2 protein chains.
Amino acid sequence: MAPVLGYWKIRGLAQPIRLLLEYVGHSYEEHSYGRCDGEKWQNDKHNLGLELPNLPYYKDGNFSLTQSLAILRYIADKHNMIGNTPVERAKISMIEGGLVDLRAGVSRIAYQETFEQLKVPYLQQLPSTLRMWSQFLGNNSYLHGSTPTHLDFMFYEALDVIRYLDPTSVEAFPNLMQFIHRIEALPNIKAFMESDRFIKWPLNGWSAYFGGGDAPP
Amino acid sequence: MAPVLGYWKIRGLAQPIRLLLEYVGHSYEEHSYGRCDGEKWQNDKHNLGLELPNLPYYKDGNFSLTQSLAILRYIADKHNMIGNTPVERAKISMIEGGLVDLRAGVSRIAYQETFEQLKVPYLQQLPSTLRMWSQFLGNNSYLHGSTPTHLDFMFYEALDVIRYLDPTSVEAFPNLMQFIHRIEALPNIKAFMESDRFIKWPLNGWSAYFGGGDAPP
Ligand SMILES: N[C@@H](CCC(=O)N[C@@H](CS)C(=O)NCC(=O)O)C(=O)O
Ligand SMILES: N[C@@H](CCC(=O)N[C@@H](CS)C(=O)NCC(=O)O)C(=O)O
Ligand SMILES: [Zn+2]
Ligand SMILES: [Zn+2]
């Protein structure tokens with residue numbers, strides 16, 4: 001019946017997609033692959049009709065996609081959240097790119113042993129990165145236009161992951177904190193987050209020294 | 001008068017932009033940062049009017065962008081290459097994501113001392129990735145539609161870099177070689193590749209162990 005979103009049973013790259021789906025209210029099924037389901041994925045991989053096999057994937061009948069940003073932009077596009085002029089469309093793609101980097105910064109250091117060493121320079125850098133994001137947000141409720149878009153769920157997830165790594169870093173910018181609360185207050189987001197479905201943990205792949213494991217440390 | 005692309009004087013993330021710009025004739029000047037211009041950049045960084053400062057950038061009057069894919073898409077959009085329906089748009093974004101992944105597989109190991117060890121499993125996985133790309137392209141001349149797009153220059157650059165790392169990986173796929181030759185024969189691209197301004201080297205940032213340094217070994 002309903003479209004499928006396949007991903008590891010983790011937050012990671014798919015969580016902004018789930019948040020967007022939930023916020024716009026579109027029906028979907030998740031096909032989760034748990035920590036011990038590596039081989040199940042291997043069996044499905046070349047077998048789902050996908051043109052560029054990967055996780056996450058997204059299947060709706062005949063139509064299928066991979067690449068998390070493409071999936072997210074597909075849903076976004078349905079709600080006219082990707083811009084209407086070359087200038088605006090570009091601006092949105094820049095925002096996405098920066099948000100991809102914001103998230104990936106955490107991922108780049110989370111999978112190696114020396115994470116606690118790497119954390120040190122990371123936090124030296126972070127405040128300017130965050131400052132950049134807080135000036136870009138400014139006094140607006142959302143990153144672009146005046147209602148939530150996929151950029152906002154991207155940004156929320158990144159922030160939330162990063163607050164976890166160091167709660168005070170994000171806490172130093174009032175507008176980012178108020179943003180975090182703004183999104184958590186969105187009724188479909190709140191309901192989702194309070195539901196059976198919601199995946200609080202892990203933030204990254206299970207094998208991560210930070211954001212990994214079956215539960216928080 | 002002319003728009004400005006700014007980047008390190010390397011191939012890297014900018015090469016497909018440059019290739020696209022030279023293919024369509026969107027006239028431009030290139031503000032180049034050399035190996036020893038770290039300080040230069042640091043100082044322009046916050047005084048170029050950039051909302052999200054970063055390399056590469058693109059300035060065109062009052063308009064500016066960062067994010068390599070965003071710049072790429074801005075130009076492509078102006079030339080009708082990012083699709084016209086939500087489905088087509090979404091597939092194009094999927095192909096982009098796959099292509100960024102393909103280029104990044106090189107970058108993720110090339111900067112590490114340990115590159116020659118990491119090379120070995122990279123080359124074990126590589127044949128399966130190239131197979132995916134080879135079948136996705138099939139008998140078509142170009143990745144999407146019937147004329148060159150930004151995807152085809154992202155793809156060309158990724159494959160050229162990979163061929164350099166391991167020629168016969170790519171030569172095992174005749175359709176991929178024909179694609180490389182097809183791009184190289186486009187008259188605008190050819191004249192470009194033969195010009196003084198072209199950058200043949202380095203592939204990655206100078207400080208890299210694969211595709212780094214001021215010239216090939
Ligand atoms: N750029 C891709 C990266 C996807 C990716 O690397 N996915 C990983 C986990 S986050 C995976 O398990 N891929 C499946 C596979 O390698 O077969 C995206 O955004 O989707
Ligand atoms: N996701 C960005 C990455 C940008 C990036 O990492 N740029 C590096 C060089 S590859 C840089 O020098 N950034 C400028 C800076 O960090 O100040 C893109 O695609 O443009
Ligand atoms: Zn809808
Ligand atoms: Zn033109």
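Lettering follows sequence order; numbering is per chain, from 1. Side-chain atoms are counted along with the backbone in the values below, which use heavy atoms only and exclude waters and symmetry mates.
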Nearest heavy-atom approach of B/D152 to B/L143 is OD1-N, 2.9 Å

**Study point:** Test item: side-chain donor near acceptor, A/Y7 and A/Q15, under 3.5 Å
**Key:** no

Sorted by chain and number, sequence neighbours left out, salt bridge (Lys or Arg N to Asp or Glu O under 4.0 Å) with B/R131 holds for none

- Task: Check the pair A/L13 / A/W8 against side-chain contact (heavy atoms from CB on, under 4.5 Å), numbers first and verdict last.
- Result: CA-CA 9 Å; A/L13 291 169; A/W8 302 110; over 6 Å; no

Heavy-atom closest pair (B/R18 atom, B/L5 atom, distance to 0.1 Å) is CG-CD2, 4.0 Å

| task | Please lay out, stage by stage, how B/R73 and B/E96 fare under the test salt bridge (charged side-chain N to carboxylate O under 4.0 Å, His left out). | result | CA-CA 10 Å; B/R73 291 182 51 91; B/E96 287 165 2; 2.7 Å; yes

In B/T129, B/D166, B/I162, the residue satisfying side chain to side chain contact (heavy atoms under 4.5 Å, CB included) with B/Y122 is B/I162

- Task: Applying side-chain contact (heavy atoms from CB on, under 4.5 Å), run through A/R89 and B/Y74 and close with a yes or a no.
- Result: CA-CA 8 Å; A/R89 292 196 281 267; B/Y74 174 73; over 6 Å; no

Residues A/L65, A/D60; criterion side-chain contact (heavy atoms from CB on, under 4.5 Å); working and verdict: CA-CA 9 Å; A/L65 287 170; A/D60 178 351; over 6 Å; no

Nearest heavy-atom approach of B/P202 to B/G211 is CB-O, 3.3 Å

OG of B/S64 to NZ of A/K91, rounded to nearest 0.5 Å, is 10.0 Å

Self-check item: Short side-chain to backbone donor-acceptor contact, A/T66 and A/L52, under 3.5 Å
Solution: yes

Exercise for the section: Go through B/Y33 and B/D44 one step at a time and tell me if the side-chain hydrogen bond (donor to acceptor under 3.5 Å, both in side chains) criterion holds. Expected result: CA-CA 11 Å; B/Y33 294 81; B/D44 313 336; 2.5 Å; yes

Just do the side-chain contact (heavy atoms from CB on, under 4.5 Å) check on B/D101 and A/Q67 with the steps written out, would you? CA-CA 10 Å; B/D101 283 340; A/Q67 296 294 145; 2.9 Å; yes

### Task
Report the relative orientation of the aromatic rings in B/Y142 and B/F179; use parallel for angles under 30°, tilted for 30 to 60°, perpendicular for over 60°.
perpendicular

* Asked: Side-chain contact, heavy-atom cut-off 4.5 Å: B/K59 with B/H31?
  -> no

Point to revise | Note, B/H79 side chain near B/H150 side chain (heavy atom, < 4.5 Å) | key: no

Original post:
Does a sphere of radius 6.0 Å around CD in A/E39 hold more than 12 heavy atoms from other residues, nucleotides or ligands, not counting ones at 6.0 Å or beyond?
Top reply: no

Exercise. Is there a donor-acceptor pair under 3.5 Å between the side chain of B/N204 and the backbone N or O of B/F210?
Worked result: yes

Contact check, side chains of A/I180 and A/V170, non-hydrogen atoms, under 4.5 Å: yes

Between the OG atom in B/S169 and the CZ atom in B/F173, the distance rounded to the nearest 0.5 Å is 9.0 Å

Residues passing the ring pair (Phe, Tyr, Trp, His ring centres under 6.0 Å) test with A/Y23, sequence neighbours excluded, are A/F153

Check: Is there side-chain contact between A/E29 and A/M1, with heavy atoms separated by less than 4.5 Å?
Finding: no

For A/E51 and B/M132 the tightest heavy-atom approach is O-CG, 4.1 Å

One should read off an interatomic distance between A/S93 OG and A/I82 CD1, to the nearest 0.5 angstrom, of 8.0 Å

(message) Using side-chain hydrogen bond (donor to acceptor under 3.5 Å, both in side chains), reason through A/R182 and A/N175 one step at a time and then give a plain yes or no.
(response) CA-CA 10 Å; A/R182 181 170 313 104; A/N175 69 341; over 6 Å; no

query = Would B/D160 and B/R11 satisfy salt bridge (charged side-chain N to carboxylate O under 4.0 Å, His left out), going step by step from the backbone distance to the final call?
reply = CA-CA 11 Å; B/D160 197 44; B/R11 282 163 66 162; 2.9 Å; yes

Heavy-atom nearest pair, A/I71 first then A/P56, reads CD1-O, 3.6 Å

ask   = Does B/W201 reach the main-chain N or O of B/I10 with its side chain, forming a donor-acceptor pair under 3.5 Å?
value = no

Taking every heavy atom of B/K9 against every heavy atom of B/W206, the minimum-distance pair comes out as O-CZ2, 3.5 Å

Output for pair (A/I95 CD1, A/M154 CE), nearest 0.5 Å, gives 10.0 Å

Problem - Test of ring centre spacing under 6.0 Å for A/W133 and A/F155 - result: yes

Between the CD1 atom in A/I17 and the CD atom in A/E30, the distance rounded to the nearest 0.5 Å is 10.0 Å

Review item, side-chain donor-acceptor pairs of residues 109-116 of chain B, under 3.5 Å, at least two apart:
residue, atom, partner, partner atom, Å
B/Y111, OH, B/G205, N, 2.7
B/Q112, NE2, B/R108, O, 3.1

When rounded to the nearest 0.5 Å, the distance separating NZ of B/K45 from CH2 of B/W41 is 6.0 Å

